[PDB]
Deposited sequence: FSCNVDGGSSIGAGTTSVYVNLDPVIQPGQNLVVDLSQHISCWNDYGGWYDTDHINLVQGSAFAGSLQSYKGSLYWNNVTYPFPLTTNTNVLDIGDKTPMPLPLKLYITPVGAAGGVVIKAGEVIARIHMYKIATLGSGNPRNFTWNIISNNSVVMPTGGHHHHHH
């Protein structure tokens, strides 16, 4: 099982930064929408749904410390969860060799000028993989989400 970010090197586990582009200006009462499906894609390394991979996001996925007061909802594979995650999410099965954009979005409500600083971590999303055959070769991933640009709110 592997993923990449913006079509870069293949990733089988571990921590990777994911750089996003956000609307530079938002109004009071407006949320930021981070569509991670545009950045992270994953696939099964055999194809044909041989040794199908089972992927979920993990309780403890959270905002960056600086943004701890923010509110959020996380969309994963047809379901929306409050963020930070206090439960794991549903499981997404991956079996094609052709990369699948991850069905992952984050909706962020700023609480408490600059609402997002360019270059700062926004959120840390933990992901778990286990496959079907043998031990399933469980793997842990972290996606550290970072904006390329600042966002301001009047």
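Within the chain's deposited sequence, the coordinate-free stretches run 113 to 115, 158 to 166 in sequence order.
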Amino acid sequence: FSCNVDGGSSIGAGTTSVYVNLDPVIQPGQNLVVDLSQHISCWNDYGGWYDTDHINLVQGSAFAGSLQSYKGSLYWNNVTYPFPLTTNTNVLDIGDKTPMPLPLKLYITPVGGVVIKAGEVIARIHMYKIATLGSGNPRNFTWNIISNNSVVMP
From here on, numbers count along this sequence of modelled residues.
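As recorded in the PDB entry, 26 to 34 is the stretch of 26 to 34 and 60 to 68 with the greater mean C-alpha temperature factor. As recorded in the PDB entry, 145 to 153 is the stretch of 145 to 153 and 4 to 12 with the greater mean C-alpha temperature factor. Taking the PDB entry at face value, the top CA B factor among 52, 98, 88, 41 belongs to 98. Remark: of 94, 127, 115, 121, 115 shows the highest value [criterion: C-alpha B-factor in the PDB entry]. The deposited CA B-factor of residue 111 belongs to the highest third of values across its chain. In the PDB entry, a CA B factor belonging to the middle third of its chain's modelled residues is recorded for residue 73. Sort the chain's modelled residues by C-alpha temperature factor and residue 18 lands in the lowest third, per the entry.
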